[PDB]
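Please treat every number below as a calculation from the coordinates, not as lab data. Ideal geometry is used to build each Cβ from the backbone, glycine not excepted, and the neighbour counts take in all protein chains shown.
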Amino acid sequence: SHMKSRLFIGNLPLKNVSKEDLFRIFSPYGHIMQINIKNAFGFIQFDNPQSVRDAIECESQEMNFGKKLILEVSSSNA
């Protein structure tokens, strides 16, 4: 009920990305606990693994922030 519930996001813009824009994109897949943006990647913590699978399935070919995002199930709990 916890494992595999975080979405890794790469290929974000170099310019600052709004957490509200990320929320708008990804909240339809499930409840979002955390949105964390780092220099070269970010993550979205959901509360269940199905949300992550669905986000990957549905958003991997979309242009979001002007990018085809790299989407994966994260192994991080940090």
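Listed by chain and number, the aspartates and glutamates whose C-alpha is less than 20 Å from the C-alpha of residue 67, apart from same-chain residues fewer than 8 away, are 20, 21, 54, 57, 59.
Only the Cβ atoms of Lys and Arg (+1) and of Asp and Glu (-1) were treated as charged; on that basis the dipole of the chain about its Cα centre amounts to roughly 240 debye. Shown for 72, 62: other C-beta atoms within 10 Å of each C-beta, ranked fewest to most, produce the order 62, 72. Full extension of the segment from residue 67 to residue 4, taken as 0.36 nm per residue of separation minus the current Cα-Cα distance, would add 20.3 nm.
Counting only helical runs of four or more DSSP H residues, what would the 222 nm mean residue ellipticity of the chain come to if each run contributes -39,500 (n - 2.57) and the total is spread over all its residues? Before the final figure, lay out each step's value.
Details: 2 runs with 19 residues, N = 78.
Theoretical 222 nm ellipticity from helices: -7000 deg cm²/dmol.
Sorted on the mean count of surrounding Cβ atoms within 10 Å across their residues, most packed first, peptides 13-25, 38-50 read 38-50, 13-25. Along its three principal directions, the equivalent ellipsoid of the chain from the Cα gyration tensor extends over semi-axes of 18, 13, 11 Å, largest first.
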